[PDB]
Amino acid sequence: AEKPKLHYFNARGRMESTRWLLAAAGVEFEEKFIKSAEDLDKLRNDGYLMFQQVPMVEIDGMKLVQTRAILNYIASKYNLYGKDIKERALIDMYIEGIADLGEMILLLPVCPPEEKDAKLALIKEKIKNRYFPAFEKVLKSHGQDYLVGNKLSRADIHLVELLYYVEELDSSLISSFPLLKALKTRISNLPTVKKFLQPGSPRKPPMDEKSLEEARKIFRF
């Protein structure tokens, strides 16, 4: 059928978790970068963005917007959303925790200059005291290589992605969590994920001041 086509700007932002999930699933996809406000405005005008926002992914005849809609579909299509309703419940609880922490970190460079330092410290206390203990506890509960059902799921991929971002923020936050470190290593060594982590893949770099200014002139904030 059609190769999925990912519409976003040339940055991580809200599309990166999708690039991770598709890559991990071994699914070939294409990207179409929005480079100007005019590119975005054409997509809006032409009715391809339900809420006038991206990310948008063209897949299986849909113009799918909303990150969780995109990810839920891709996870189901490629058997990374568990085997039944009860496994999906555990997966959803786990990844919604990942989303909450992820969202905090995502928005840190948006924080007013004089609130930024205190926001970082609150994120670090949450990582150390709430999120990393919760996920370490799951991995210690069963002692297995994957978070849910002894099988690779989206939860492992989303979690490992976030451990990369936490590492960029402060490399010591993970030090007291040996099962999380071991998960990061194993998932990073899955053939598909390894290729994703290697140069020339669609994986995107940390946003710098000049990619931030591009966001500003496209999405106008």
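By rigid core we mean the largest C-alpha set that fits within 1.5 Å across both forms. Numbering starts at 1 and runs along the sequence shown.
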item: Larger mean CA deviation from the shown form in 5 other deposited structures of this protein [core fit; 90-98 vs 107-115]; value: 107-115
item: Greatest C-alpha divergence in 5 other deposited structures of this protein once each structure is fitted on the rigid core, 17-25 or 202-210; value: 202-210
item: Mean Cα B-factor comparison, 170-178 or 185-193, giving the higher one as deposited; value: 170-178
item: Between 146-154 and 102-110 (mean CA B-factor, as deposited), the higher; value: 102-110
item: Selection by C-alpha B-factor (highest) of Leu120, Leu90, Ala75, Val138; value: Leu120
item: Lowest, middle or highest third - CA B-factor, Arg19; value: lowest
item: Assigned third (lowest, middle, highest) for the C-alpha B factor of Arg203; value: lowest
item: Assigned third (lowest, middle, highest) for the C-alpha B factor of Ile127; value: highest
item: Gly97 by Cα B-factor - lowest, middle or highest third of the modelled chain; value: lowest
item: Ranked C-alpha temperature factor of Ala37 among modelled chain residues, by third; value: highest
